[PDB]
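Undergrad: Show me the folded form of this:
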Amino acid sequence: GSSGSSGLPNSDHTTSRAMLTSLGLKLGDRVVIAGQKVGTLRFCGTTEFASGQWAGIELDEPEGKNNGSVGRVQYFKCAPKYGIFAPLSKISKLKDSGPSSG
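TA: Residues are numbered from 1 along each chain as shown. Dropping the coordinates below:
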């Protein structure tokens, strides 16, 4: 680990409990990144490369900028150029989306 870098203890303090229930997503559900990209939710929480709430989604087609793992840190397993990560806050449940008016 690293004492002087980010802040507050590690492991503990997880914000991945009051998000899945509030939003309505779970491991094994079809989500949508920004109501555009369609993928299957596999991992949900924080990332090691970036900062904030993310999720390791797995697109059905080869349109991802990863292969399940990011550099040295691993999240989920999948084919090459299939796994991708996007802001959970930006990832919502499939369907029920459409501003229309703008």
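
Undergrad: Which positions within the longest strand seen in the chain qualify as buried?
TA: Longest strand in the chain, counting residues (DSSP state E): strand 37-46. Under the neighbour-count criterion of 16 or more other Cβ atoms under 10 Å, strand 37-46 has 37, 39-45 buried. The way it works is simple: take the backbone N, C-alpha and C, and place the C-beta from them, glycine included.

Undergrad: what's the following helix or strand after it?
TA: Going down the chain from strand 37-46, the next helix or strand is strand 53-59, by DSSP states H and E.

Undergrad: relative to strand 53-59, how tilted is the longest strand of the chain?
TA: Angle of strand 37-46 versus strand 53-59, following axes from the mean of the first three to the mean of the last three Cα atoms, to 10 degrees, is 140 degrees.

Undergrad: now residue 55: how far from residue 85?
TA: Relative to residue 85, residue 55 is positioned 7 Å away (Cβ to Cβ, to the nearest Å).

Undergrad: Of the two, which one has the most company?
TA: Remark: of residue 55 and residue 85, residue 55 carries more neighbours, 27 against 21, as counted by other Cβ atoms under 10 Å.

Undergrad: what's across from the more buried one in the sheet?
TA: For residue 55, the beta-bridge partners under DSSP bridges are residue 44, residue 86.

Undergrad: Contact partners for it?
TA: Residue 55 is in contact with 31, 41-45, 85-88, 91, counting by Cβ atoms under 8 Å, 6 or more residues apart in numbering.

Undergrad: how about 10 Å then?
TA: Taking Cβ atoms under 10 Å, 6 or more residues apart in numbering as the criterion, residue 55 is in contact with 16, 19, 25, 31, 33, 39, 41-47, 75-76, 84-91.

Undergrad: cool, residue 76 as well?
TA: Remark: with contacts taken as Cβ under 10 Å, 6+ apart, residue 76 is in contact with 27, 40-43, 55-58, 66-69, 83, 85.

Undergrad: go with 7 Å
TA: 42-43, 56, 58, 68, 83 (Cβ atoms under 7 Å, 6 or more residues apart in numbering).
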